[PDB]
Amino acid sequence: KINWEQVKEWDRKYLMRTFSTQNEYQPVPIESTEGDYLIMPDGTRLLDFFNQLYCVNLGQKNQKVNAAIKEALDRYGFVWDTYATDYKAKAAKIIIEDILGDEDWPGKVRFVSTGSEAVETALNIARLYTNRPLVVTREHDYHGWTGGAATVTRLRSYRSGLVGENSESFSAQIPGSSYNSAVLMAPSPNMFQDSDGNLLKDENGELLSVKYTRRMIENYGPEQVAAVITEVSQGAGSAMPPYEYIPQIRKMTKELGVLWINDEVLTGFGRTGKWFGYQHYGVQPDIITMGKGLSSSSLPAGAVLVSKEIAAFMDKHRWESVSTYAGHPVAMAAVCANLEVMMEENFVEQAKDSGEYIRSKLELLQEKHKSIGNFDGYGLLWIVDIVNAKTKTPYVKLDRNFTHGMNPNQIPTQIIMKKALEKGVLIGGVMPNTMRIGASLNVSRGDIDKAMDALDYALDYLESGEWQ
């Protein structure tokens, strides 16, 4: 038995708030989860088409994963990274040999506890390998929240600052940590479009976003630029690049002698209907970062994978880095089980096929709803651009440069979410004009149908315009 009234009391009183003021806050108790559902203490079932934070890839509370964790708990315990375990070694082997066995780039893995820690590690390694300070990121990128990872996060609304309650006159950024001269922000891949929706290219066929990135690196000196960090689909920032963007970035970093880090924390492990997001583009990175679907959130884990060449350099030195929980044997047992289930049950193909189905459903919704400007994605990771049906332009002018100071009653994705909730479906987004949709890789056709029906309903309400 649980006193949920007491839980709510303690949650209100003793926990720090995020995104909501204490004034406006209402706790949202979840007593248990299963598959694509969250279950409230009263038994209310919610179909979660956020997949929490696009991170419960295998499905909620997988029985084989949970059984694997229980077995680990018969032996461990805790040992730190200086000590070797079967679970930690096997996890690395599964990634390099089993998942990426068809590719030549992978060298060595370091496990840590979170995706932000993975990005911190990737940044440190890239800089040490090149012996150079600068890293290039893009407008709207999200790469985590800790001090180093945040420097490459250029998503205004997710930088751990403070904003006001329904007033945008009160932005307070973290003093001493609100900009960083060791990072250059390049344009979003989506920045250079003409009035007809056509892509701008230079006379050599290079996308203008890539050409501008090249020029920034030339100006600062390629000799001081360690790496370009990307997301193949911006996750929190909610965007899909032109197809040619990632291949051209791979080519340009090669030409300039700069590393390419692709952040796979969100796109990794089947999320996009391939093992990794980069694999849609016929290229290979120098470093990837991992989290979320690495363990499908069963326990906290993150990881960095570096190329053979980078691993060979690191192997020649003593690296003076310690993280207490890095390599935690029970977390690694969860990772092994998660990856074994994904492989054995062909979760990646399930994702590919289900994305193809989602594409079909969104096509039909776009024909019925003029507030849908476009949609794109793959696997279980979709964006839907929301516009005013009458003007065909976004409702929120600041768009991906908005802050959470905004009243949610002015925000289309918040209006959509609140309405879809009436049908027992959690669906919406994190940007104001852009849906961000994701479920478990093994989500059923019936649950996709139920989600799309709730979205159908929310879009009817949005287009009625009676919220205004």
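Numbers for residues come from their place in the sequence shown, where the first is 1.
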property	result
Greater mean Cα temperature factor according to the PDB record, 279 to 287 or 195 to 203	195 to 203
Residue range whose averaged C-alpha B-factor is higher in the record, 144 to 152 or 381 to 389	381 to 389
Among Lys370, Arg159, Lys93, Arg110 - the residue whose C-alpha B-factor is largest in the record	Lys370
CA B-factor placement of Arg12, once the chain's modelled residues are sorted into thirds	middle
For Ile99, the third of its chain into which the C-alpha B factor falls	middle
Relative C-alpha B-factor of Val341, binned into the chain's lowest, middle or highest third	middle
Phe313 by Cα B-factor - lowest, middle or highest third of the modelled chain	lowest
Assigned third (lowest, middle, highest) for the C-alpha B factor of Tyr212	middle
